[PDB]
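Asker: Chains as they are written, first to last, in the deposited numbering: chain O, 1 to 220; chain J, 2 to 240; chain X, 160 to 211; chain C, 350 to 397; chain G, 5 to 244; chain H, 3 to 234; chain I, 2 to 251. The structure under discussion is supplied below as structure tokens; questions concerning it will follow.
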Amino acid sequence: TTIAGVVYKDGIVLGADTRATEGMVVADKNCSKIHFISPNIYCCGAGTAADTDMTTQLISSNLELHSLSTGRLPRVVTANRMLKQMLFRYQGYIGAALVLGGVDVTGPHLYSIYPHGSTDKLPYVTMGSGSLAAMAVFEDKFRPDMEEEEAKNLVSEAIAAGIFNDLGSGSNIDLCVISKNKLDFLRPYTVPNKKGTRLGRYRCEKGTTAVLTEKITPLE
Amino acid sequence: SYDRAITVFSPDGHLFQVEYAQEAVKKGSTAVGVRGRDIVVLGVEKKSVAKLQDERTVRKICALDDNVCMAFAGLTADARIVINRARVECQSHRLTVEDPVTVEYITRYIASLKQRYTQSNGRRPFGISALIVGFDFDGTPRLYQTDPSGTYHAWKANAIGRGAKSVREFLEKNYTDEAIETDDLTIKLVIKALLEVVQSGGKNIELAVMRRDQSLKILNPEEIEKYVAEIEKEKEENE
Amino acid sequence: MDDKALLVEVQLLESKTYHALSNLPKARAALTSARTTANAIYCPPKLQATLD
Amino acid sequence: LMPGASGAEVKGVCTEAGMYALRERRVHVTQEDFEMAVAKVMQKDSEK
Amino acid sequence: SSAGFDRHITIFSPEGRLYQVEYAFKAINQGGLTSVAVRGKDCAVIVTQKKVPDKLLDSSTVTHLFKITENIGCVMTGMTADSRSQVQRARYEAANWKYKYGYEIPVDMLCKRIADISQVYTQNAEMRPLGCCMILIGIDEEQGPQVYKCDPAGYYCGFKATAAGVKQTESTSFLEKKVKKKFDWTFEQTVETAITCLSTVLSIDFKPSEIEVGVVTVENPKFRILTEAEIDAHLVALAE
Amino acid sequence: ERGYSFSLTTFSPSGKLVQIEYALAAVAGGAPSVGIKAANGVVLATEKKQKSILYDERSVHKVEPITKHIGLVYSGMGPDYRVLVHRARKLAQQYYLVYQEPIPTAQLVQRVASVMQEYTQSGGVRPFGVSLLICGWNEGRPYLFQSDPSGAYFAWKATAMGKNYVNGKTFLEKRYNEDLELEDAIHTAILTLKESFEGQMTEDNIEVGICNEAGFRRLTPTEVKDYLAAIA
Amino acid sequence: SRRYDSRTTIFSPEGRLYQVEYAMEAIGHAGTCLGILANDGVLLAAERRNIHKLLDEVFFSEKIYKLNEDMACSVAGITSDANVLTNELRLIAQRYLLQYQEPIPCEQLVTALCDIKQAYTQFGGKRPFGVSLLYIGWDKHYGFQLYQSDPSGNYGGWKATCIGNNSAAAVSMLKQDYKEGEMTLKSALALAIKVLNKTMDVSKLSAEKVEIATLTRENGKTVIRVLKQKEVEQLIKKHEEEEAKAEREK
């Protein structure tokens, strides 16, 4: 698990992998971890995935509701306020490491949210298990006001560090680019690792298994 | 919470909802119950069915235990929930003290339930009355009644419903000791009372007896026409 | 359909073209249908005199 | 042409049809006066 | 027209009306006061009068202007006892917006919320529905100034010119003739046209002690209340 | 304090719920409006006149979206509307947080109607005084529903509410059929709003919102001025 | 405050009470429904009120509501009041099914609903429901059953009952034409069309103006068929043929 984001000269770039690893066993290979908040605010989840899911449905429901009441665009500090108000109340028992990002009227805004309620604005964040390697990439090669292709390069390489250096990380890199007018969510950005092809054809045929009782019921 | 005193005193000392509820008791179907020495006999009159569709759901004679059967009059809705609470209570007695419930005890539960129900807030009192017939331990058959004020009250015979005072005037003018000699003779006294009731074109009776050891037993309408046949025959030769 | 006002226009145009092409009783009939049609319109603002 | 108003709109039309023949100065009431009248009295049926 | 307790509680008449709120509209008119607010091209002016009949009374405590938030001003008509409580509700709910959201509440959102609270009193048949009115101003980003008025009926609307109270209908009849010429309005034009509304409908030609003017302008978005010196400057500026 | 805990609406000796009978007249004094579904989506048209030139018509709105594909209008009074609007705004979210899906329009009406009938029986409250028109194109087909203060509902092809709806529905009976388009329902919706409108129907005298398979939206006075253009 | 209380709970000086009798006055208008059976299956006939030419004609039924997987009801009275009742006893059947993992006996379902209707008639200071409805269903204990609810809160076992505007006039012919156990579920259909022919004051029997649902026991299904509008009118003209020769032969 490695999620990261950055603010370039115009917008916000978000990136993650697709791995859910139950213990030391790979459960999922296509686990999307980037989630809708608003047409200008997304989030990235980490930790207890169901807690992140039921949180991010609730708050984006509250912003669909609230922005649907106000009749205008939401703000990033609103969702930041709701999350840091509720997680302090749930006292860290709900495990959710979050990356909040959105480009409102005031522009791009990025926050890192910890499950006890501590938040901060930073130009670049790395959360997850292999967040250390990606933070080394951002620290080594960060520059303010880079362009978005340099941003996609840096975020992609930063995820790739956790891909080839973390056990519980490494699959297809999901990206999203947010600007003042453009929203680009895309899951299959690259395939860094594949599966080897099979050699011995192990195909069994019909009749190699003893069946005790067969039952047929027609449908329509 | 709907806190409101409904039962209020009158300036001459009366309870209007009670005396109106007893009128609603006074228009229900007439039920007559008498006790023998070994077998009790109770029954309702004025079935007033459609006589072509279902009839097992309109039964107004229940049992609270094996030894306690119950009839009533009034409006049918309020009665059966009191029957329901009485079944939980009488089963709860066996959850307490091991014996079957005595009919005096369950009538104190009914009347004691009813009075505080007239005493509380936001509640019209009940619009029912009951004849509770029980054959207790050591085989002493007895019965009671229940006023809508909640006064349990024993008898040797009783009759409530629409047209009950004239029926009670028949019961005092016909109740002897030798009428309770034979059990079917007491059944002939009950059918004599329902025949001395009102109209009741033949099929208009539902009787149930107990030999103080059995369950309730309802005769199909063949001993109704048979006992009515020997009653009309005995009155025919007597005339 | 829903409109009534254009019916007066097309019956009036028929009453133009039958007498203009020399069909006097059918022009009288189409004009008469324009009369009993035009009897129910609340606003014939200029089509009143155009019919007249 | 009349879809059942009552027996009073019958006289309400057919008395009124003479006003058409009189306002065009006839001495015989014609059939187009009546269809010129039903669409007016039934317009009053269409009035409230 | 009437049946049952519809003359007493908030239920429907046989005409479909309800008499309690429209009884409470003229409860504003029992206050004996009329306020005017005019929105400018980059400003918003609230002018109202005051009547201090006693030298034993302190004239610093008769203010119907209330600074709700740092950039939000309001004026109250109606009765003082309901009005000050409504001001307390507005301050409290605005602070609750700032805690729940971390930014400044829009004035249509706030007046929407106060109209929602005022809906409840006429919505029930229990409570006395607050016979006083409500006027607010606001400077809004990508909207500039905007003026809102909430009645005790829970209705609200954005205004361009604003009159409320005793001379309300005549003052609005003056202001519609003021606006229907469609003149571009500067700050002191909105001040002068603001004073000449009630100065002619009321026709007082007062000295600067009997009124009070709150104001906000795009330049300094703080709601502020004028000093009687500069009020006298606008007053002698009005006298040509 | 507390409430009242007694129902102020009883059955008449004639067997009528009298406050509901008066609330229907309160709807009958409401503003006239109509709505027509025609083979791709629903057109909702209302009639909104400011009482004076001092008002901002761009401040409040009659056409109200409930979710992505559902819109709603009314014919009644103002302050009763926005409350149950906000309630429906909530009820869509309590659907969505369970099912992760937008609600069917029928499933919304099943809850809103239960709110209104639940409210007209409870103690110490006057019932509502508005009627609603609800639109939505769920699973291809559009939908057009109508509620009442008593809490029932109907599925209309086209209907009218507000003032003179008894004439407007006769106009729609002589007007509509099954095969029309959304812009056709726009045109005949202007044609029936002009039946009871004032002398001048400008871009702000009305407010029209429409559903598509793309979902519900609301018109601006630019293209609504284009619709009032070449009308009648 | 007590000046405003209308006392919907107290009795009349003649012993009765007026509120639920006014509700039972209101139940006579606005609806016409009946149920009939003598054999395998049971029919509910419902006369539609809204017959305006602009209705989408959806929701699978008008006054018919499937309660369990083997029972249903036809409802009459205030529809908005009925809506809480339908889903109200619907999860009571579901909590029976959750409680015992078994389909519910139809009678003890009806008792449980009529208790809830009985409570508002009894205390609380609450306007009761002016809703009366029938009950169809099947069980393993007594097979096909028929029950009738009343706004007072009492029920009753029947086989054939109309609660229409001319309900007693219908019952007067119901006890004039029947047979105990032999009226098969086509003869009771043709009888039912004769009944709604009588109580339907609007003549000629518009097939869109009626609703008829059947409940049969298929082996593990209990098919609750909801007949379409293509087989109504053939039964209508089927009645029309025999009534004309039946008239002319006399």
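Beta carbons: idealized from backbone N, C-alpha and C, even for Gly.
What residue does the alpha helix (DSSP H) around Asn239 (chain J) start on, and which one ends it?
Answerer: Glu224 to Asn239
Asker: Taking the straight line between their C-alpha atoms, what separation do you get for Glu26 (chain I) and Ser16 (chain H)?
Answerer: Spanning the alpha carbons of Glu26 (chain I) and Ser16 (chain H) requires a straight line of approximately 8 angstroms.
Asker: Do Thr14 (chain G) and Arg128 (chain H) have their C-beta atoms closer together than 9 angstroms?
Answerer: In terms of Cβ geometry, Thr14 (chain G) and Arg128 (chain H) form a close pair [threshold 9 angstroms].
Asker: Within its chain, find whatever has a CB closer than 6 angstroms to the CB of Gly164 (chain H); leave out the 5 residues flanking it on each side and keep chain order.
Answerer: If the five residues before and after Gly164 (chain H) are omitted, its C-beta is found closer than 6 angstroms to the C-beta atoms of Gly32, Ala33, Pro34, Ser35 and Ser77, all from its own chain and listed in chain order.
Asker: Where do the N-terminal and C-terminal ends of the beta strand (DSSP E) with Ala154 (chain H) fall, by residue?
Answerer: First-last for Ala154 (chain H): undefined, no H or E at that position.
Asker: Using the C-alpha atoms, what's the distance from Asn179 (chain H) back to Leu55 (chain I)?
Answerer: 9 angstroms
Asker: So which residues on chain G does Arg75 (chain O) lean against when the C-beta distance must stay under 7 angstroms?
Answerer: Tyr107
Asker: Find the residues of chain I that neighbour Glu175 (chain H), judging by a C-beta separation of less than 8 angstroms, and give them in chain order.
Answerer: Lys54 and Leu55
Asker: In chain G, which residues lie with their C-beta within 7 angstroms of the C-beta of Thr119 (chain O)?
Answerer: Neighbours of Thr119 (chain O) on chain G: none; closest Cβ ~11 angstroms, over 7 angstroms.
Asker: Could you check if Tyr228 (chain J) is buried or exposed, using at least 16 other CB atoms within 10 Å of its CB as the buried criterion?
Answerer: buried
Asker: Tell me which residues share the same chain as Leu196 (chain J) and place their Cβ nearer than 8 angstroms to its Cβ, disregarding the 5 neighbours each side in the sequence.
Answerer: Answer for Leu196 (chain J): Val229 and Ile232, listed in chain order.
Asker: Pull up the CB-CB distance for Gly107 (chain O) and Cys44 (chain O), whole angstroms please, since I reckon it's below 8 angstroms.
Answerer: That pair is no contact at about 20 angstroms.
Asker: Just confirm the distance between the C-beta atoms of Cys136 (chain G) and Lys153 (chain G), as a whole number of angstroms; I'd bet it's less than 8 angstroms.
Answerer: Not a contact, Cβ separation roughly 12 angstroms.
Asker: Compare the beta carbon distance of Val227 (chain I) and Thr217 (chain I) with 9 angstroms and say whether it is the shorter of the two.
Answerer: no
Asker: Quick check: the Cα distance between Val233 (chain I) and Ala208 (chain I), rounded to an integer number of angstroms?
Answerer: Separation of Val233 (chain I) and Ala208 (chain I) (C-alpha to C-alpha, rounded to the nearest whole angstrom) is 6 angstroms.
Asker: Say the cut is 8 angstroms; is the CB of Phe210 (chain G) nearer than that to a heavy atom of the ligand MG?
Answerer: Because no ligand of any kind appears in the structure shown, any question about the ligand MG cannot be addressed here.
Asker: Any beta carbon from chain H within less than 9 angstroms of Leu65 (chain O)'s own beta carbon?
Answerer: yes
Asker: Looking at the structure shown, is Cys115 (chain I) part of a helix, part of a strand, or coil, going by DSSP?
Answerer: helix
Asker: Pull the bridge partners of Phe147 (chain H) from the DSSP assignment, please.
Answerer: Looking at the DSSP assignment, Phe147 (chain H) forms a beta bridge with H:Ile136 and H:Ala157.
Asker: Applying a beta-carbon distance threshold of less than 7 angstroms, which residues of chain H neighbour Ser61 (chain O)?
Answerer: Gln95, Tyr98 and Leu99
Asker: Among G:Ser122, G:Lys71, G:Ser89 and G:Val66, which has the Cα closest to the Cα of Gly80 (chain H)?
Answerer: G:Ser122
Asker: Take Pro225 (chain G) as the anchor and find which of G:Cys47, G:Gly35 and G:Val42 has the nearest alpha-carbon.
Answerer: G:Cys47
Asker: Going by beta carbon distance, what residues of the same chain come within less than 7 angstroms of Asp184 (chain O), once the five residues before and after it are set aside?
Answerer: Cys176 and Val177
Asker: Is it the case that the Cβ atoms of residue 245 (chain G) and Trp189 (chain G) are separated by a distance below 9 angstroms?
Answerer: Coverage of chain G is limited to positions 5 through 244, which leaves residue 245 (chain G) absent and any answer about it impossible.
Asker: Could you give the distance in angstroms between the alpha-carbon of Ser152 (chain H) and the alpha-carbon of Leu208 (chain J)?
Answerer: If I take the Cα positions, the gap works out to 48 angstroms.
Asker: How would you list, in chain order, the residues of chain O whose beta-carbon sits under 9 angstroms from the beta-carbon of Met80 (chain G)?
Answerer: Residues of chain O passing the Cβ test: none, with the nearest at roughly 26 angstroms.
Asker: If I measure Cβ to Cβ from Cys115 (chain I) and keep anything under 7 angstroms in the same chain, skipping five residues before and after, which residues do I get?
Answerer: Result list for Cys115 (chain I): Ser150, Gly154, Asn155 and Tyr156, in chain order.
Asker: Note down, in chain order, every chain X residue with its Cβ under 8 angstroms from the Cβ of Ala388 (chain C).
Answerer: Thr195, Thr196, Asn198 and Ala199
Asker: Compute the distance between the beta-carbons of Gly102 (chain O) and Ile12 (chain O), then report whether it is under 9 angstroms.
Answerer: yes
Asker: Report back the beta-carbon spacing between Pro106 (chain I) and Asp140 (chain I) to the nearest angstrom; my notes put them in contact at under 8 angstroms.
Answerer: Taking 8 angstroms as the upper bound for CB-CB distance, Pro106 (chain I) and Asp140 (chain I) are in contact here, some 6 angstroms apart.
Asker: By Cβ distance below 6 angstroms, which residues in the same chain neighbour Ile52 (chain I) in space, the five residues on each side in sequence not counted?
Answerer: Counting only Cβ-Cβ distances below 6 angstroms, and skipping sequence neighbours, we find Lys210.
Asker: Looking at the secondary structure, which residues open and close the beta strand (DSSP E) in which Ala41 (chain G) lies?
Answerer: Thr38 to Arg43
Asker: Determine which residues of the region 359-385 of chain C have a Cβ less than 8 angstroms from any Cβ of chain X, and write them out in chain order.
Answerer: So the list reads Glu381, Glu384 and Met385, given in the order they occur along the chain.
Asker: At a Cβ cut of 7 angstroms, what residues of the region 106-138 of chain I count as close to chain H, listed as they run along the chain?
Answerer: Of all residues in the region 106-138 of chain I, those with a C-beta nearer than 7 angstroms to a C-beta of chain H are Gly126, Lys127, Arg128 and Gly131, reading in chain order.
Asker: Whole angstroms are fine: how far does the CA of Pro110 (chain G) sit from the CA of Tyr96 (chain G)?
Answerer: 15 angstroms
Asker: With H, G and I counted as helix, E and B as strand and the rest as coil, what does DSSP make of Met71 (chain J)?
Answerer: strand
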